[PDB]
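Remarks on the structure that follows.
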Amino acid sequence: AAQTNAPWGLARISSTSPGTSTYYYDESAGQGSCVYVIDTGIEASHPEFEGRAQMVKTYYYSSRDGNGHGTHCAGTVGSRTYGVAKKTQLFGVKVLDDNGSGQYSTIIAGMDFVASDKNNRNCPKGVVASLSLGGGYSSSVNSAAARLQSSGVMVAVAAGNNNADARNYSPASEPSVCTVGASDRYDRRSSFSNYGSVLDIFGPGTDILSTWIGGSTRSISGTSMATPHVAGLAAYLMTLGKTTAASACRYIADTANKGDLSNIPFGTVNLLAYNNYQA
Ligand SMILES: [Ca+2]
Ligand SMILES: [Ca+2]
């Protein structure tokens with residue numbers, strides 16, 4: 001399958017070189033897999049989700065996405081026009097309020113919830129969790145992410161937007177999950193992107209067009225945008241049977257475009273997510 005005039009991020013992860021505009025992918029499109037989006041919620045009624053999204057848990061007064069952040073991330077995972085895995089199932093967990101903030105105790109509870117909730121969902125091809133959030137270092141938050149990964153879920157987390165070493169941020173600093181840096185359309189490290197030895201992979205993160213609340217769309221930037229590219233790619237690869245939840249991050253690194261990025265500090269991997277699609 002090919003999507004013409006795709007968002008540049010979708011074209012980039014299906015190509016070995018920058019500057020293309022077609023998203024090449026296999027028609028299975030991640031059907032049979034499930035992605036939990038742990039964020040501000042998901043506007044499940046958006047036409048771009050085609051009824052494949054639902055809220056399962058909120059820790060606030062409503063389950064509505066009053067911010068837009070979680071709806072944007074979920075759209076990059078698996079909306080029809082802006083998503084990597086266009087046929088996956090999307091589950092929303094609202095651990096952030098409508099200002100984009102949340103206490104660490106709530107974020108930890110949200111991760112423990114996903115580890116248990118997956119056992120009563122029909123996800124035959126595997127389960128993924130996308131966490132476009134973070135803060136200062138906390139061993140309790142890192143531990144919750146490790147538990148979720150250990151329970152059999154592919155955990156993808158943002159490296160953070162501080163232009164610093166991600167070792168001082170959580171859950172980005174947890175080694176056992178998949179920490180995602182951001183790049184721009186000219187194969188440069190995004191100027192805001194964190195770096196360091198804890199990073200596993202880079203994904204497109206600057207000027208990412210995706211769904212927004214009110215049934216609309218908009219373009220924003222962040223490692224929050226790179227993470228759902230990798231979470232979506234994981235579910236796409238799990239549906240194809242190429243990898244498992246326990247080894248998805250390593251498989252993606254092994255099969256990534258190597259050495260294409262510039263402004264990568266010494267000690268940080270130069271690896272860009274890539275789907276290796278061949279018609
Ligand atoms: Ca290349
Ligand atoms: Ca890792």
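Along the sequence shown, residues are numbered consecutively beginning with 1.
Scanning all heavy atoms of the two residues, the minimum distance from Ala159 to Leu199 falls at CB-CD1, 3.9 Å. Taking each heavy atom of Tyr236 and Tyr277 in turn, the nearest pair found is OH-CD1, 3.8 Å. In terms of heavy-atom proximity, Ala44 sits nearest to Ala53 at CB-O, 3.5 Å. Pairing each heavy atom of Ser79 with each of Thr211, the nearest pair is CB-CG2, 4.3 Å. Of all non-hydrogen atoms in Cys73 and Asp39, the two that sit nearest each other are SG-OD2, 3.9 Å. Closest approach of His72 and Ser210 over heavy atoms only: O-OG, 2.8 Å.
To the nearest 0.5 angstrom, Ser183 atom OG is 9.0 Å from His229 atom NE2. To the nearest 0.5 Å, atoms OG (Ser219) and CE (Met225) are separated by 9.5 Å. In this structure, the separation between OG1 on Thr227 and CD1 on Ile201 is 11.5 Å, given to the nearest 0.5 Å. Remark: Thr40 OG1 to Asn67 CG distance equals 4.5 Å, nearest 0.5 Å.
For an aromatic pair to be called close, the ring centres must be under 6.0 Å apart, and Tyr36 with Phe91 satisfies this.
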Between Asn270 and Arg189, does the side-chain hydrogen bond (donor to acceptor under 3.5 Å, both in side chains) criterion hold? Intermediate values first, please. CA-CA 10 Å; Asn270 192 333; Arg189 179 175 66 90; over 6 Å; no
I'd like to know whether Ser45 forms a side-chain hydrogen bond (donor to acceptor under 3.5 Å, both in side chains) with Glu43, so could you lay out the CA-CA distance, the side-chain angles of the two residues, the decisive distance to 0.1 Å, and finally the verdict. CA-CA 5 Å; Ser45 74; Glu43 181 171 284; 4.6 Å; no
Apply side-chain hydrogen bond (donor to acceptor under 3.5 Å, both in side chains) to residues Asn99 and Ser101 and explain how you reach the verdict. CA-CA 6 Å; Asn99 293 119; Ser101 294; over 6 Å; no
Walk me through it: do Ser21 and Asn5 pass the test side-chain hydrogen bond (donor to acceptor under 3.5 Å, both in side chains)? CA-CA 5 Å; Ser21 54; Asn5 304 316; 4.6 Å; no
Would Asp112 and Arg147 count as a salt bridge (charged side-chain N to carboxylate O under 4.0 Å, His left out) if you check the C-alpha gap in whole Å, the side-chain angles of each, and the deciding distance to 0.1 Å? CA-CA 8 Å; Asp112 289 325; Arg147 282 198 301 277; 3.2 Å; yes
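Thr81 has its side chain within reach of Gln3: a pair of non-hydrogen atoms, C-beta onward, lies under 4.5 Å apart. Looking at heavy atoms from C-beta onward, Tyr104 lies in side-chain contact with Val141 at the 4.5 angstrom threshold. A 4.5 Å side-chain heavy-atom check between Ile42 and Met55 finds at least one atom pair inside the cut-off. Under the 4.5 Å side-chain criterion, counting only non-hydrogen atoms from C-beta, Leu90 is in contact with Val77. Contact check for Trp8 versus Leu209: no side-chain heavy atoms found under the 4.5 Å cut-off. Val155 has its side chain out of reach of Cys178: every pair of non-hydrogen atoms, C-beta onward, lies at least 4.5 Å apart. By the 4.5 Å heavy-atom criterion applied to side chains, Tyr59 and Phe113 are counted as neighbours. Using a 4.5 Å heavy-atom threshold, the side chains of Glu174 and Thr179 count as separate.
A side-chain donor-acceptor contact under 3.5 Å links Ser173 to the backbone of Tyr169. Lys86 places a side-chain N or O within donor-acceptor distance of the main-chain N or O of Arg80, the cut-off being under 3.5 Å. Between the side chain of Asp26 and the main chain of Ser28, a donor-acceptor pair closer than 3.5 Å is present. Side chain of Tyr195 to backbone of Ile264: no donor-acceptor contact under 3.5 angstrom is found.
For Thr88 and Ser33, the side-chain atoms include at least one donor-acceptor pair closer than 3.5 Å. Looking only at atom types and distance, the side chain of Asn275 has no donor-acceptor partner in the side chain of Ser14 under 3.5 Å away. For the residue pair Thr71 and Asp65, a side-chain donor N or O sits within less than 3.5 Å of a side-chain acceptor on the partner. At a cut-off of 3.5 Å, with distance as the only test, no side-chain donor of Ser140 or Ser143 sits close to an acceptor on the other residue. With no hydrogens or angles considered, a side-chain donor-acceptor pair links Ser170 and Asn142 at under 3.5 Å. For the residue pair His69 / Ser224, a side-chain donor-acceptor distance below 3.5 Å is found, with atom types taken as modelled.
Under the 4.5 Å side-chain heavy-atom criterion for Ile, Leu, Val, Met, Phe, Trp and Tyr, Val84 and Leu271 are members of the same hydrophobic cluster. Hydrophobic clustering of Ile, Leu, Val, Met, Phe, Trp and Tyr side chains at less than 4.5 Å, counting indirect connections, unites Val177 with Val114. The hydrophobic cluster containing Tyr25 also contains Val230, counting ILVMFWY residues as joined when their side-chain heavy atoms lie under 4.5 angstrom apart, directly or transitively. Side-chain heavy atoms closer than 4.5 Å link hydrophobic residues (I, L, V, M, F, W, Y) into clusters, and following such links, possibly through other members, connects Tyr24 to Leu237. Cluster membership check: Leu96 shares its hydrophobic cluster with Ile108, using side-chain heavy-atom separations under 4.5 Å among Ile, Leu, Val, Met, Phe, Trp and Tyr.
Looking at residues two or more places apart in sequence or on another chain, you find a side-chain contact (heavy atoms from CB on, under 4.5 Å) between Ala182 and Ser190, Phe192, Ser193, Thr223, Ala226.
By the 4.0 Å N-to-carboxylate-O rule, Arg12 lies close enough to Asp260 to be salt-bridged with it. Classification of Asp98 and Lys94 as a salt-bridged pair holds, one side-chain N sitting under 4.0 Å from a carboxylate O.
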